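Novice: Quick one: the structure is below, questions incoming.
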Amino acid sequence: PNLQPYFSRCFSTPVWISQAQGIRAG
Amino acid sequence: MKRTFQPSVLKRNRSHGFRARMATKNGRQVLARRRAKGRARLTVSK
Amino acid sequence: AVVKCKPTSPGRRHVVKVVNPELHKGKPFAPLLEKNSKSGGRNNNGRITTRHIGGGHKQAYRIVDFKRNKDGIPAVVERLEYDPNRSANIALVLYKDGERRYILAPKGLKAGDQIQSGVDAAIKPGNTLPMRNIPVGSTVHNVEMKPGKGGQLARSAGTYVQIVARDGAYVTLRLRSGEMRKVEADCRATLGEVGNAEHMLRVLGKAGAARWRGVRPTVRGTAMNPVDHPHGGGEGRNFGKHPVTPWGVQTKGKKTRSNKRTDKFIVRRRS
Amino acid sequence: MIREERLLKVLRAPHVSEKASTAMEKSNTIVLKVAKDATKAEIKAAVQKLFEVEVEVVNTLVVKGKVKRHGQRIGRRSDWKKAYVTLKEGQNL
RNA sequence: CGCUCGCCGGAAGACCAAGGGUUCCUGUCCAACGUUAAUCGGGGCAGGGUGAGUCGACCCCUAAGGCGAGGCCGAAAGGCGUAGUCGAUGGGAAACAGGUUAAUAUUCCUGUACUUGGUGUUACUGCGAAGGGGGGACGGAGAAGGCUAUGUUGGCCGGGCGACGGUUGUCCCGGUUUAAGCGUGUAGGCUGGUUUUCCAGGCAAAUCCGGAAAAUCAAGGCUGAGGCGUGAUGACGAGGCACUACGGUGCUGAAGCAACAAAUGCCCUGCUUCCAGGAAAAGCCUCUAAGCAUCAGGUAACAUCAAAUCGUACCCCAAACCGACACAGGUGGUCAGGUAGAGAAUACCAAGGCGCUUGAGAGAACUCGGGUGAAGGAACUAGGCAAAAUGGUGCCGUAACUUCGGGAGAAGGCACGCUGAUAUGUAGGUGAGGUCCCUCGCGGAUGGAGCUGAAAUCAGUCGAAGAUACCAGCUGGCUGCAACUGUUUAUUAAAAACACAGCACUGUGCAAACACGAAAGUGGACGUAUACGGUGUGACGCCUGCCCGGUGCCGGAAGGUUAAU
RNA sequence: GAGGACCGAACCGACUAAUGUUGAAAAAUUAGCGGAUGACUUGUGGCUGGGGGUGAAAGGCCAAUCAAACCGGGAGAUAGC
């Protein structure tokens, strides 16, 4: 079948909520 | 591990089913808003 | 009697049991039982309206006759029985016409004793009479406050009231807290005092012994956050506040009786 | 006792399978596609009246419709009911 | 496909529920999908496949809880709740074994059953409920005994006679299966039995239940595994044999016993014991009332018919479910063989299932994961972190302190293999035929073959080492804190924090205080001051000093001030 | 033959270390670790709803979201930045 019926966008963002170590003061 | 969605049709149809939506005023407004949108499936039912 | 347990464990060391060999070793009388399901402290709205309730052992409600309306019919106490729904023990009596009832157990009451309700009975523990016929100073229990309603006063395990005076259509009773309270003399009362008077001597010993009575743990308001209890937070152990309920109403002394309908029947509040 | 025009509407089609033909040769069982609301009594009444034979026991099942993808969409075939009519000893059709 | 090899085997196997929804099977294709190739696939495509009186749902019955006629409340929406009606995760009804398909089977087929309901005769006939009473019907733990599943060995039966020494023996391999149902009714367990009279009980009224005496017998009834008969000269059956593509299908088919050890399964919803005192309703049995007349029903046997309708394929510790994935995770119940072992641990295996969907080389550093080390032994480091070590059973032995229980496996020793005898296998366990008596049959007493079998001591022996693997405690001393078990920041904090039993103070007289709620109402509680709520403290031991000015609370109300009016 | 007794699997947890950190995994693996007849654990239903619940109390949890969930609306809030 050389028809090309492709797919689409099929879920959103899990997490950009990511690592956070690194400071200069507290 | 244990994820948030553990399916059960009985707990589904008693929460979001058609008769659960048609029991209250605010669920018949849900079904009114889903006919007014044009939704294919109205509830979770079939 | 009371008996201290041998400390073979922590949680067994401080236990004091209150054993009664006079109690029935068997299943209770089945017609006088009833399903008693727990609440959790939850009302019909489903919200907790009384904290620290929940869990515990399954209990079946025993229908106890507090009214004692079988007047003039002699009964005989078949056996004393444990009741998980109250502090006293209960007495399966059997009237002469073949009806079994549950009454509260008086102090001097054993199996094989006679009891008799009615105004023409004798003055002995287990007999129920209206207080026009009971002599003054008699220790009585299971006292009705309204004539024909059922006993409400003096019903816990080793409790009693004294008919300390009587004139007119009103006796006046010294209740177990020290309150002198007037009650109309047509109310019934059982003679003697309630029987399980060794109940205040038992020690639970361990935390789960309270847990299998249905008493969930009490979180101390000072150990909470300011959002939860008016006893706030604080960096460390701080108090600095007058002690209050979780809803900001002052404990440690503030009187909360406001009932102007029944204070005409109280002649002296408790000391 | 079933009305006659009801019996003329339950037997849809004789079903050919090579399991159905094994049942016809070895257990005297014709396998019919029937109507969806067919009861085992209505099939028994219709095989006897319309095929002019005798029937011992009708066994039925409901075949689920396969989901197929014709072109680019997702269709679903119809559920259909399938009887297993066991004739007693004399076989006509 | 084959032959090896490795791996799992309390699972990585078999099977249900959930959830999914055709992934099942077959023939086809190999674009994409599949972390590579693919002829293969849970991919594409087209067929095929799910068979029920008995299994499940439906159904009858209710629990929590929902909804709730009237009802009570509430600006409205609506909240609550009575009758009632729903709601399983519980209670009610009945099938097993072989055979079968490429794929379905307690469903199909053979065999043998069984359940409920509608319908046709007998004698003696009182049958009859939105009612009464039974019953259903219920906890934790513990202890056996009786078994059985199952296993193990012997016997029997079929076959073998050894690719390298030996192997016609006390050899080797394999099999030695069979159910519901029906019959009998015993190991057990429960319980006095029966008539007769009377009555303020069970709203009635009851010949039932409960009560009360009274005669007569405790010798009566329920209950209950498992056996043993039947089912069954049947089925199944190791293996040969035409069959024949030797796959496979097809016809045959011998033995089919016994002893011992056995559950966590059954007897048992029992028994004993504890306190924390352990659903409900129907089906069921039974009593009658209104009713009802050789009507209507009931009862028995016999005969007929009826048992609908849905689900039924497949996955289920998973590539089909939940995790975006063919995802090292999560996921209820059931079954659970051998050899060691206390064991569902562990090691190795069976039945069974797989080798985890990129390989081939090479044998640098470095990094993971391990192994081993001279001499030293904590010198490392924030810190014995990590690793090493300890580890079993029996016996001897064991301190301060102690709330007298503990500490305690304190510490610390020693004995362990194999062979032989004691004893051709003991102590025990089991138990045959035989003997003997009866209430003579699933007996009882004795009997003691057969079978099974520790443990111990002497002696001998082997090795560097005998709990040889896996498995499996490091120990002690002095202190802080918290009595303790427990709980806690899902996802950087498990603690000294929280809880706690106890303690005290305080409120609270029941239409309780409190709480939820504009309310009704409901929790508290079907409880009632030996009870409940709130607060603080936190076992236990010894204890709890002084201050009432401030701030609260409590009590007083003469005065001063003071609202609406 | 008791026990919030002891040892120890299932089970429930989560103390330590290493790995992992564009992971096999949006919290896991591996080796040890604590509880394991109970204040246990688990299934299936139910019930409590957002200034609200529930909390052996951490501001914990309430659908990978929590010192006030999510969705839609006011709404193109306002924003001397």
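In the structure tokens, chains take the letters A, B, ... in the order shown, each chain's residues start at 1, and ligands count up from 1 in the order shown.
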Would you list, as a list in words, the residues of chain B that end up in alpha helix (DSSP H) under DSSP run on this structure's backbone?

Specialist: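 Alpha helix (DSSP H) assignments inside chain B correspond to residues 9, 10, 11, 12, 13, 14, 15, 18, 19, 20, 21, 25, 26, 27, 28, 29, 30, 31, 32, 33, 34, 35, 36 and 37 of chain B.
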
Novice: For region 41-43 of chain B, list every protein, DNA or RNA residue within 8 Å, evaluated using only C-alpha atoms (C1' of nucleotides), and leave out those in the same chain fewer than 3 positions away; present the list as a PyMOL selection string.

Specialist: chain B and resi 16-18+31+34-35+46

Novice: Do a neighbour search on residue 62 (chain F) at 10 Å with only C-alpha atoms (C1' of nucleotides), toss out local chain neighbours closer than 3 positions, and write the hits as a list in words.

Specialist: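 So, after excluding close chain neighbours, the residues are residues 49, 50, 53, 54, 66 and 69 of chain F.
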
Novice: Excluding region 18-26 of chain A and residues on its chain fewer than 5 positions from it, collect all residues at most 12 Å away from it, counting only C-alpha atoms (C1' of nucleotides), and give them as JSON, numbers by chain.

Specialist: {"E": [492], "F": [21, 26]}

Novice: Go ahead and save the residues from that selection, with N, CA and C atoms (P, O5', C5', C4', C3', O3' and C1' of nucleotides), as a PDB file, in the first residue's frame.

Specialist:
ATOM      1  P     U E 492      10.892  13.873  47.942  1.00  0.00           P
ATOM      2  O5'   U E 492      12.388  13.909  47.455  1.00  0.00           O
ATOM      3  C5'   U E 492      13.170  12.737  47.456  1.00  0.00           C
ATOM      4  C4'   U E 492      14.515  13.017  48.046  1.00  0.00           C
ATOM      5  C3'   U E 492      14.523  13.275  49.536  1.00  0.00           C
ATOM      6  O3'   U E 492      14.583  12.074  50.284  1.00  0.00           O
ATOM      7  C1'   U E 492      15.766  14.948  48.415  1.00  0.00           C
TER       8        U E 492
ATOM      9  P     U F  21      22.148   7.844  32.539  1.00  0.00           P
ATOM     10  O5'   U F  21      21.331   9.144  32.914  1.00  0.00           O
ATOM     11  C5'   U F  21      19.921   9.155  32.825  1.00  0.00           C
ATOM     12  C4'   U F  21      19.300  10.198  33.707  1.00  0.00           C
ATOM     13  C3'   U F  21      19.718  11.632  33.403  1.00  0.00           C
ATOM     14  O3'   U F  21      18.582  12.474  33.274  1.00  0.00           O
ATOM     15  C1'   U F  21      19.959  11.170  35.721  1.00  0.00           C
ATOM     16  P     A F  26       9.072   7.539  32.318  1.00  0.00           P
ATOM     17  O5'   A F  26       8.949   8.603  33.473  1.00  0.00           O
ATOM     18  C5'   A F  26      10.060   8.938  34.278  1.00  0.00           C
ATOM     19  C4'   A F  26       9.723  10.055  35.211  1.00  0.00           C
ATOM     20  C3'   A F  26       8.479   9.827  36.034  1.00  0.00           C
ATOM     21  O3'   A F  26       8.744   9.097  37.214  1.00  0.00           O
ATOM     22  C1'   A F  26       8.346  11.914  34.982  1.00  0.00           C
TER      23        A F  26
END

Novice: Neighbours of residue 12 (chain F) within 10 Å (only C-alpha atoms (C1' of nucleotides); same-chain residues fewer than 4 positions away dropped), as a PyMOL selection string?

Specialist: chain F and resi 35-36+40-42

Novice: Please build the interface table for chain A against chain F with a cut-off of 12 Å, listing for each qualifying residue the nearest atom pair and the distance in Å to one decimal; count only C-alpha atoms (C1' of nucleotides), order rows by chain and increasing number, and write it as a tab-separated table.

Specialist:
residue	atom	partner	partner_atom	distance
A:13	CA	F:26	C1'	10.7
A:14	CA	F:26	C1'	7.1
A:15	CA	F:26	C1'	6.6
A:16	CA	F:26	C1'	9.3
A:17	CA	F:26	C1'	8.7
A:18	CA	F:26	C1'	9.1
A:19	CA	F:21	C1'	9.7

Novice: Convert the current residue selection to file output with N, CA, C and O atoms, as a CSV table (one decimal), in the first residue's frame.

Specialist:
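What landed in out.csv:
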chain,number,residue,atom,x,y,z
A,13,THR,N,2.6,17.8,26.5
A,13,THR,CA,3.8,17.8,27.2
A,13,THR,C,3.6,17.1,28.6
A,13,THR,O,2.8,17.5,29.4
A,14,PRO,N,4.5,16.1,28.9
A,14,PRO,CA,4.5,15.5,30.2
A,14,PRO,C,5.0,16.5,31.3
A,14,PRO,O,4.2,16.9,32.1
A,15,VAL,N,6.3,16.9,31.2
A,15,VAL,CA,6.9,17.8,32.2
A,15,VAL,C,8.0,18.5,31.5
A,15,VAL,O,8.9,17.9,30.9
A,16,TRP,N,8.0,19.8,31.6
A,16,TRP,CA,9.3,20.5,31.6
A,16,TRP,C,9.8,20.8,33.0
A,16,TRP,O,10.9,21.4,33.2
A,17,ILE,N,9.0,20.4,34.0
A,17,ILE,CA,9.3,20.6,35.4
A,17,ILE,C,10.5,19.7,35.7
A,17,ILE,O,10.5,18.5,35.8
A,18,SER,N,11.7,20.4,35.9
A,18,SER,CA,13.0,19.7,35.8
A,18,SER,C,13.9,20.2,37.0
A,18,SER,O,13.5,20.8,37.9
A,19,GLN,N,15.2,19.8,36.9
A,19,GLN,CA,16.1,19.8,38.0
A,19,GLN,C,16.5,21.3,38.3
A,19,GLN,O,16.4,22.2,37.4

Novice: Any idea which chain E residues end up within 8 Å of chain B if we count only C-alpha atoms (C1' of nucleotides), as a list in words please?

Specialist: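 Result, ordered by chain then number: residues 18, 19, 322, 323, 329 and 330 of chain E.
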
Novice: How about saving the chosen residues, N, CA and C atoms (P, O5', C5', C4', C3', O3' and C1' of nucleotides) kept, as a PDB file, in the first residue's frame?

Specialist:
ATOM      1  P     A E  18     -15.247  -9.954  34.827  1.00  0.00           P
ATOM      2  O5'   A E  18     -14.277  -8.745  35.160  1.00  0.00           O
ATOM      3  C5'   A E  18     -14.646  -7.740  36.084  1.00  0.00           C
ATOM      4  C4'   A E  18     -13.465  -6.888  36.454  1.00  0.00           C
ATOM      5  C3'   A E  18     -13.019  -5.890  35.414  1.00  0.00           C
ATOM      6  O3'   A E  18     -13.798  -4.721  35.416  1.00  0.00           O
ATOM      7  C1'   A E  18     -11.147  -7.017  36.257  1.00  0.00           C
ATOM      8  P     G E  19     -14.471  -4.216  34.069  1.00  0.00           P
ATOM      9  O5'   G E  19     -13.251  -3.725  33.186  1.00  0.00           O
ATOM     10  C5'   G E  19     -12.374  -2.711  33.637  1.00  0.00           C
ATOM     11  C4'   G E  19     -11.064  -2.753  32.902  1.00  0.00           C
ATOM     12  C3'   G E  19     -11.140  -2.748  31.394  1.00  0.00           C
ATOM     13  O3'   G E  19     -11.385  -1.482  30.837  1.00  0.00           O
ATOM     14  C1'   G E  19      -9.646  -4.405  32.059  1.00  0.00           C
ATOM     15  P     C E 322      -5.477  -0.007  29.433  1.00  0.00           P
ATOM     16  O5'   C E 322      -4.756   0.402  30.766  1.00  0.00           O
ATOM     17  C5'   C E 322      -5.475   1.030  31.803  1.00  0.00           C
ATOM     18  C4'   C E 322      -4.547   1.430  32.906  1.00  0.00           C
ATOM     19  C3'   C E 322      -3.435   2.372  32.515  1.00  0.00           C
ATOM     20  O3'   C E 322      -3.869   3.705  32.430  1.00  0.00           O
ATOM     21  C1'   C E 322      -2.571   0.642  33.846  1.00  0.00           C
ATOM     22  P     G E 323      -3.164   4.731  31.443  1.00  0.00           P
ATOM     23  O5'   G E 323      -1.710   4.928  32.041  1.00  0.00           O
ATOM     24  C5'   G E 323      -0.555   4.915  31.224  1.00  0.00           C
ATOM     25  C4'   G E 323       0.694   4.791  32.054  1.00  0.00           C
ATOM     26  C3'   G E 323       1.995   5.102  31.359  1.00  0.00           C
ATOM     27  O3'   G E 323       2.240   6.481  31.250  1.00  0.00           O
ATOM     28  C1'   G E 323       2.228   3.136  32.617  1.00  0.00           C
ATOM     29  P     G E 329       9.732  -5.042  35.642  1.00  0.00           P
ATOM     30  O5'   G E 329       9.180  -4.248  36.903  1.00  0.00           O
ATOM     31  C5'   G E 329       9.937  -3.250  37.566  1.00  0.00           C
ATOM     32  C4'   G E 329       9.080  -2.079  37.962  1.00  0.00           C
ATOM     33  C3'   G E 329       7.691  -2.412  38.470  1.00  0.00           C
ATOM     34  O3'   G E 329       7.661  -2.847  39.817  1.00  0.00           O
ATOM     35  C1'   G E 329       7.525  -0.704  36.870  1.00  0.00           C
ATOM     36  P     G E 330       6.639  -3.994  40.280  1.00  0.00           P
ATOM     37  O5'   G E 330       5.221  -3.308  40.177  1.00  0.00           O
ATOM     38  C5'   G E 330       4.821  -2.293  41.076  1.00  0.00           C
ATOM     39  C4'   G E 330       3.433  -1.834  40.742  1.00  0.00           C
ATOM     40  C3'   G E 330       2.367  -2.901  40.799  1.00  0.00           C
ATOM     41  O3'   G E 330       1.910  -3.163  42.106  1.00  0.00           O
ATOM     42  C1'   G E 330       2.157  -1.729  38.793  1.00  0.00           C
TER      43        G E 330
END

Novice: Compute the set of chain A residues within 8 Å of chain E, using only C-alpha atoms (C1' of nucleotides), and express it as a list in words.

Specialist: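 The complete set of qualifying residues is residues 1, 2, 10 and 11 of chain A.
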
Novice: Next, the residues of the selection above should be written as a short mmCIF file (atom, residue, chain, number, x, y, z; two decimals), in the first residue's frame with N, CA and C atoms.

Specialist:
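That gives us result.cif:
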data_model
loop_
_atom_site.label_atom_id
_atom_site.label_comp_id
_atom_site.auth_asym_id
_atom_site.auth_seq_id
_atom_site.Cartn_x
_atom_site.Cartn_y
_atom_site.Cartn_z
N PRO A 1 0.81 -1.22 0.00
CA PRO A 1 0.00 0.00 0.00
C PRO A 1 0.84 1.28 0.00
N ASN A 2 1.06 1.86 -1.17
CA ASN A 2 1.81 3.11 -1.29
C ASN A 2 0.86 4.31 -1.29
N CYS A 10 -0.36 13.41 18.96
CA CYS A 10 -1.01 12.29 19.64
C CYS A 10 -0.74 12.18 21.14
N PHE A 11 -0.10 13.22 21.73
CA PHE A 11 -0.23 13.66 23.13
C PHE A 11 0.55 14.94 23.41
#

Novice: Show me, as a VMD selection string, the residues that have an atom within 9 Å of residue 87 (chain D) when counting only C-alpha atoms (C1' of nucleotides), minus same-chain residues fewer than 4 positions from it.

Specialist: chain D and resid 27 to 30 53 to 58 91

Novice: Taking only C-alpha atoms (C1' of nucleotides) into account, which residues of chain D are within 7 Å of chain E, as a list in words?

Specialist: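 Written out as asked, the residues are residues 17, 59, 60, 61 and 84 of chain D.
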
Novice: Give the residues of chain C that lie within 9 Å of chain F; count only C-alpha atoms (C1' of nucleotides), and format the answer as an mmCIF file with N, CA, C and O atoms, in the first residue's frame.

Specialist:
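What ended up in result.cif:
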data_model
loop_
_atom_site.group_PDB
_atom_site.id
_atom_site.type_symbol
_atom_site.label_atom_id
_atom_site.label_comp_id
_atom_site.auth_asym_id
_atom_site.auth_seq_id
_atom_site.Cartn_x
_atom_site.Cartn_y
_atom_site.Cartn_z
ATOM 1 N N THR C 8 4.911 -9.448 80.052
ATOM 2 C CA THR C 8 5.651 -10.245 79.087
ATOM 3 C C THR C 8 5.965 -9.472 77.825
ATOM 4 O O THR C 8 6.604 -10.018 76.923
ATOM 5 N N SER C 9 5.518 -8.229 77.741
ATOM 6 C CA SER C 9 5.642 -7.403 76.553
ATOM 7 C C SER C 9 5.622 -5.957 76.998
ATOM 8 O O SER C 9 5.224 -5.661 78.127
ATOM 9 N N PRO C 10 6.063 -5.035 76.154
ATOM 10 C CA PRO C 10 5.529 -3.681 76.227
ATOM 11 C C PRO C 10 4.145 -3.702 75.625
ATOM 12 O O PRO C 10 3.865 -4.459 74.696
ATOM 13 N N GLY C 11 3.248 -2.913 76.179
ATOM 14 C CA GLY C 11 1.877 -2.996 75.747
ATOM 15 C C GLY C 11 1.087 -4.097 76.400
ATOM 16 O O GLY C 11 -0.128 -4.168 76.207
ATOM 17 N N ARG C 12 1.739 -4.972 77.139
ATOM 18 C CA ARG C 12 1.085 -5.867 78.060
ATOM 19 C C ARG C 12 1.365 -5.491 79.499
ATOM 20 O O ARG C 12 0.637 -5.924 80.390
ATOM 21 N N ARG C 42 -19.461 10.668 61.319
ATOM 22 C CA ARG C 42 -19.910 11.289 60.092
ATOM 23 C C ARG C 42 -21.422 11.393 60.110
ATOM 24 O O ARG C 42 -22.105 10.413 60.400
ATOM 25 N N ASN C 45 -24.659 14.517 56.084
ATOM 26 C CA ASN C 45 -23.881 15.254 55.109
ATOM 27 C C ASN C 45 -22.565 14.577 54.782
ATOM 28 O O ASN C 45 -21.880 15.015 53.861
ATOM 29 N N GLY C 46 -22.171 13.563 55.539
ATOM 30 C CA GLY C 46 -20.952 12.843 55.290
ATOM 31 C C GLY C 46 -19.710 13.470 55.852
ATOM 32 O O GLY C 46 -18.627 12.918 55.672
ATOM 33 N N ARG C 47 -19.825 14.594 56.524
ATOM 34 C CA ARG C 47 -18.685 15.265 57.110
ATOM 35 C C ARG C 47 -18.456 14.766 58.517
ATOM 36 O O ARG C 47 -19.393 14.389 59.209
ATOM 37 N N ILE C 48 -17.199 14.775 58.940
ATOM 38 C CA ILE C 48 -16.880 14.437 60.315
ATOM 39 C C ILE C 48 -17.414 15.523 61.223
ATOM 40 O O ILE C 48 -16.986 16.678 61.149
ATOM 41 N N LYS C 206 -2.150 -0.051 76.025
ATOM 42 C CA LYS C 206 -1.510 0.109 74.740
ATOM 43 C C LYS C 206 -2.446 0.856 73.813
ATOM 44 O O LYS C 206 -3.653 0.906 74.024
ATOM 45 N N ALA C 207 -1.854 1.446 72.782
ATOM 46 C CA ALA C 207 -2.558 2.373 71.910
ATOM 47 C C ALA C 207 -3.618 1.700 71.080
ATOM 48 O O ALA C 207 -4.648 2.302 70.801
ATOM 49 N N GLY C 208 -3.380 0.470 70.667
ATOM 50 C CA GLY C 208 -4.358 -0.257 69.913
ATOM 51 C C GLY C 208 -5.511 -0.771 70.710
ATOM 52 O O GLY C 208 -6.482 -1.238 70.123
ATOM 53 N N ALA C 209 -5.431 -0.727 72.032
ATOM 54 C CA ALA C 209 -6.585 -1.099 72.826
ATOM 55 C C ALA C 209 -7.637 -0.015 72.796
ATOM 56 O O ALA C 209 -8.828 -0.305 72.890
ATOM 57 N N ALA C 210 -7.217 1.234 72.671
ATOM 58 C CA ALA C 210 -8.133 2.314 72.373
ATOM 59 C C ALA C 210 -8.590 2.279 70.937
ATOM 60 O O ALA C 210 -9.661 2.788 70.623
ATOM 61 N N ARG C 211 -7.793 1.691 70.061
ATOM 62 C CA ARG C 211 -8.133 1.685 68.656
ATOM 63 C C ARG C 211 -9.185 0.658 68.346
ATOM 64 O O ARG C 211 -9.935 0.826 67.387
ATOM 65 N N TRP C 212 -9.272 -0.400 69.133
ATOM 66 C CA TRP C 212 -10.344 -1.344 68.926
ATOM 67 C C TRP C 212 -11.541 -1.057 69.794
ATOM 68 O O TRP C 212 -12.350 -1.950 70.028
ATOM 69 N N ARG C 216 -9.990 6.974 67.352
ATOM 70 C CA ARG C 216 -8.876 7.346 66.519
ATOM 71 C C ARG C 216 -7.993 8.330 67.269
ATOM 72 O O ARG C 216 -8.436 8.939 68.238
ATOM 73 N N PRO C 217 -6.728 8.468 66.874
ATOM 74 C CA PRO C 217 -5.810 9.331 67.621
ATOM 75 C C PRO C 217 -6.157 10.805 67.579
ATOM 76 O O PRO C 217 -6.708 11.320 66.610
ATOM 77 N N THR C 218 -5.834 11.466 68.674
ATOM 78 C CA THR C 218 -6.109 12.877 68.886
ATOM 79 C C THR C 218 -4.864 13.668 68.549
ATOM 80 O O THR C 218 -3.863 13.593 69.263
ATOM 81 N N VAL C 219 -4.921 14.450 67.495
ATOM 82 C CA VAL C 219 -3.801 15.318 67.195
ATOM 83 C C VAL C 219 -3.928 16.578 68.022
ATOM 84 O O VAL C 219 -4.986 17.207 68.079
ATOM 85 N N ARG C 220 -2.839 16.939 68.658
ATOM 86 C CA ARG C 220 -2.770 18.058 69.563
ATOM 87 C C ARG C 220 -2.729 19.315 68.732
ATOM 88 O O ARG C 220 -1.964 19.382 67.778
ATOM 89 N N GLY C 221 -3.528 20.309 69.094
ATOM 90 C CA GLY C 221 -3.624 21.499 68.275
ATOM 91 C C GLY C 221 -2.348 22.303 68.194
ATOM 92 O O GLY C 221 -2.116 22.991 67.213
ATOM 93 N N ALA C 223 0.543 21.022 67.833
ATOM 94 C CA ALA C 223 1.388 20.327 66.888
ATOM 95 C C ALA C 223 0.935 20.521 65.453
ATOM 96 O O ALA C 223 1.482 19.896 64.546
ATOM 97 N N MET C 224 -0.050 21.356 65.235
ATOM 98 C CA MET C 224 -0.570 21.653 63.927
ATOM 99 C C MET C 224 0.064 22.934 63.413
ATOM 100 O O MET C 224 1.026 23.450 63.978
ATOM 101 N N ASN C 225 -0.453 23.427 62.329
ATOM 102 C CA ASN C 225 -0.105 24.645 61.637
ATOM 103 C C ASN C 225 -1.142 25.697 61.950
ATOM 104 O O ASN C 225 -2.238 25.354 62.388
ATOM 105 N N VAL C 227 -3.082 27.286 60.084
ATOM 106 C CA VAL C 227 -4.257 27.154 59.253
ATOM 107 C C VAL C 227 -5.259 26.175 59.863
ATOM 108 O O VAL C 227 -6.469 26.325 59.682
#

Novice: I'd like the interatomic distance between CA of residue 140 (chain C) and CA of residue 156 (chain C), to a tenth of an Å.

Specialist: 12.7 Å

Novice: Report as a tab-separated table the residues of chain E within 9 Å of chain C, each with its shortest atom pair and distance in Å (one decimal), using only C-alpha atoms (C1' of nucleotides), ordered by chain and increasing residue number.

Specialist:
residue	atom	partner	partner_atom	distance
E:64	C1'	C:37	CA	8.9
E:80	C1'	C:44	CA	8.8
E:139	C1'	C:58	CA	8.6
E:199	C1'	C:97	CA	6.9
E:200	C1'	C:97	CA	6.7
E:201	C1'	C:97	CA	5.0
E:202	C1'	C:99	CA	7.9
E:210	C1'	C:98	CA	5.0
E:211	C1'	C:98	CA	4.1
E:212	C1'	C:96	CA	8.2
E:276	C1'	C:212	CA	5.8
E:277	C1'	C:84	CA	6.4
E:278	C1'	C:58	CA	5.7
E:279	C1'	C:35	CA	6.9
E:280	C1'	C:35	CA	7.5
E:403	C1'	C:7	CA	8.3
E:405	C1'	C:8	CA	4.8
E:406	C1'	C:8	CA	8.4
E:484	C1'	C:10	CA	5.6
E:485	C1'	C:11	CA	7.8
E:486	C1'	C:207	CA	8.5
E:498	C1'	C:219	CA	7.9
E:499	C1'	C:217	CA	6.4
E:500	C1'	C:207	CA	5.0
E:501	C1'	C:206	CA	4.6
E:502	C1'	C:205	CA	8.2
E:505	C1'	C:252	CA	6.6
E:506	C1'	C:252	CA	4.2
E:507	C1'	C:255	CA	6.2
E:508	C1'	C:257	CA	7.6
E:509	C1'	C:179	CA	7.8
E:510	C1'	C:152	CA	7.6
E:512	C1'	C:257	CA	8.9
E:513	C1'	C:256	CA	6.6
E:514	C1'	C:50	CA	8.1
E:515	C1'	C:49	CA	4.3
E:516	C1'	C:49	CA	5.8
E:517	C1'	C:45	CA	8.2
E:521	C1'	C:44	CA	8.8
E:522	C1'	C:43	CA	5.2
E:523	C1'	C:43	CA	4.2
E:524	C1'	C:50	CA	6.2
E:526	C1'	C:61	CA	8.4
E:527	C1'	C:86	CA	7.1
E:528	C1'	C:152	CA	5.9
E:529	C1'	C:177	CA	5.4
E:530	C1'	C:200	CA	4.9
E:531	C1'	C:156	CA	6.6
E:533	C1'	C:50	CA	8.4
E:534	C1'	C:245	CA	5.4
E:535	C1'	C:243	CA	6.2
E:536	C1'	C:220	CA	8.3
E:539	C1'	C:14	CA	7.6
E:540	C1'	C:14	CA	8.7
E:552	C1'	C:242	CA	6.7
E:553	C1'	C:253	CA	5.8
E:554	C1'	C:253	CA	7.2

Novice: Identify all residues of region 64-176 of chain C in strand (DSSP E) (DSSP on the backbone) and supply them as a PyMOL selection string.

Specialist: chain C and resi 75-81+90-95+100-104+114-115+128-130+139-141+143-144+151-153+161-166+171-174

Novice: My list of candidates is F:27, F:14, F:79, F:9. Which is closest to chain B when distances are computed with only C-alpha atoms (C1' of nucleotides)?

Specialist: F:27
